[PDB]
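Visitor:
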Amino acid sequence: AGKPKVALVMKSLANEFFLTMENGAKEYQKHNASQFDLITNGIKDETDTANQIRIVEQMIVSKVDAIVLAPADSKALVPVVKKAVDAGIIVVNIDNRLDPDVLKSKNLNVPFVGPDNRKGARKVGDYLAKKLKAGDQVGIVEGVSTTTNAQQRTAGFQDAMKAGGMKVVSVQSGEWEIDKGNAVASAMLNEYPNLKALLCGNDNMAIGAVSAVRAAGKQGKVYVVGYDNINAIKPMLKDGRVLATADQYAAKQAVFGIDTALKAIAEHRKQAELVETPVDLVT
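This is the structure:
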């Protein structure tokens, strides 16, 4: 009897988060090589929605049995998901949740595997708050603003700052990227000479913010927090350039996404018939 073929469709291949995710998925397939085949794909940067859509369309022609998708845009990927589901493919959503209203309006059910990013960001924000004081000015460097996970991290960060008495003076998108993150951080430091921290929606933007802080001669005076716990951030936690990040377990999301799809396939479930993963503070 034939193995199901599962497609894992990710965002930016530049981003270690997804390389970590990909490695996890591939290791999982290797251990379970007789259970399923795995096709992995990503896009060239964090904002290449168009190409991600193309990848999913290419997965629909190859007649894969399931697609596990980390969508680059929470609304824009919904049409091609519908296309996939109507073609009898099981789709599981990971990482960044597709917009529920847009889903509800195509009569579409898509199971989600991923974290509560508001609680996750709140953990990171809370640790920072302990180091700051009431009235301290901070800026939030946000992911792609049309993604659920970007919005929810910003909200968690805001929750933490409110609860501590800090003042968020700026919220701007660094579009999940190092250099756009850097540009935003630099603008915020220039705008606010009294800025005390930069709260970044992912580690890549945090790396950008660390560069901006250094370039402003503010190393040691402006805290930076991120999210993802990528390897590149570890020397920065160790030497103090970054105060905290969070592990949201990339490999787990992909593996549990794949398992969700395979379980559905094992039981011959229909899409219409169809999981919070944890986030831990890292310092």
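Here the sequence shown is numbered in my numbering, starting from 59 and rising by one per residue. Beta carbons are placed, not taken as given, at the ideal position from N, Cα and C, and that holds for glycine.
Hey, out of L161, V122, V313, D144, whose CA is closest to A134's CA?
Guide: With distances taken between CA atoms, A134 lies nearest to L161 out of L161, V122, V313, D144.
Visitor: With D103 as the anchor, note down where its beta strand (DSSP E) starts and where it stops.
Guide: No beta strand (DSSP E) holds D103; DSSP gives it neither H nor E.
Visitor: Based on Cα-Cα distance, which residue from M219, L339, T204 lies nearest to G232?
Guide: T204
Visitor: Pairing CB atoms from the stretch 333 to 341 with CB atoms from the stretch 294 to 306, are three or more of them under 8 Å?
Guide: yes
Visitor: Does the beta-carbon distance from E80 to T98 come in below 8 Å?
Guide: In this structure, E80 places its C-beta atom within 8 Å of the C-beta atom of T98.
Visitor: Starting from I111 and walking both ways along the alpha helix (DSSP H), at which residues does that stretch end?
Guide: Element bounds for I111: 107 to 119.
Visitor: For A65, report the span of its alpha helix (DSSP H) as first-last.
Guide: Per DSSP, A65 belongs to no alpha helix (DSSP H); it is in the beta strand (DSSP E), 63 to 70.
Visitor: For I152, name the three-state secondary structure that DSSP assigns.
Guide: strand
Visitor: Is it a yes or a no for the stretch 99 to 117 touching the stretch 279 to 286, going by three-plus beta-carbon pairs under 8 Å?
Guide: Segments in contact, no.
Visitor: Looking at the unbroken alpha helix (DSSP H) that takes in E249, where does it start and where does it end?
Guide: 236 to 249 is the extent of the alpha helix (DSSP H) around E249.
Visitor: If you drop the 5 nearest sequence neighbours on each side, which residues of the same chain put their C-beta closer than 8 Å to that of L320?
Guide: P62, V64, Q93, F94, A124
Visitor: Kindly identify the DSSP beta-bridge partner or partners of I125.
Guide: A65, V149
Visitor: Can you give me the C-alpha to C-alpha distance between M246 and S228, rounded to a whole angstrom?
Guide: Taken atom to atom, the span from the alpha-carbon of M246 to that of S228 is near 7 Å.
Visitor: To the nearest angstrom, how far is the alpha carbon of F76 from that of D261?
Guide: 12 Å
Visitor: Start and end of the alpha helix (DSSP H) containing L161?
Guide: 158 to 162
Visitor: Taking the alpha-carbon of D297 as reference, which of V282, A142, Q311, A309 has the nearest alpha-carbon?
Guide: Considering only alpha carbons, the answer is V282.
Visitor: Have a look at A273 and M263 and give me their C-alpha separation to the nearest angstrom.
Guide: 15 Å
Visitor: Looking at the ligand FAD, does it come within less than 7 Å of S163, judged from the CB to the closest heavy atom?
Guide: The ligand FAD is absent from the structure shown, which contains no ligand whatsoever.
Visitor: Within its chain, find whatever has a CB closer than 8 Å to the CB of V313; leave out the 5 residues flanking it on each side and keep chain order.
Guide: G82, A83, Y86
Visitor: For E235, count the other beta carbons within 10 Å of its own beta carbon; 16 or more makes it buried, fewer makes it exposed. Which is it?
Guide: buried
Visitor: Can you find the residues in the same chain that come closer than 6 Å, C-beta to C-beta, to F170, ignoring five residues on each side of it along the sequence?
Guide: The residues are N151, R155.
Visitor: Cα-Cα, which of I118, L96, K220, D131 is closest to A108?
Guide: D131
Visitor: Taking only the alpha-carbon atoms, compute the straight-line gap between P251 and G100 and give it to the nearest angstrom.
Guide: 39 Å
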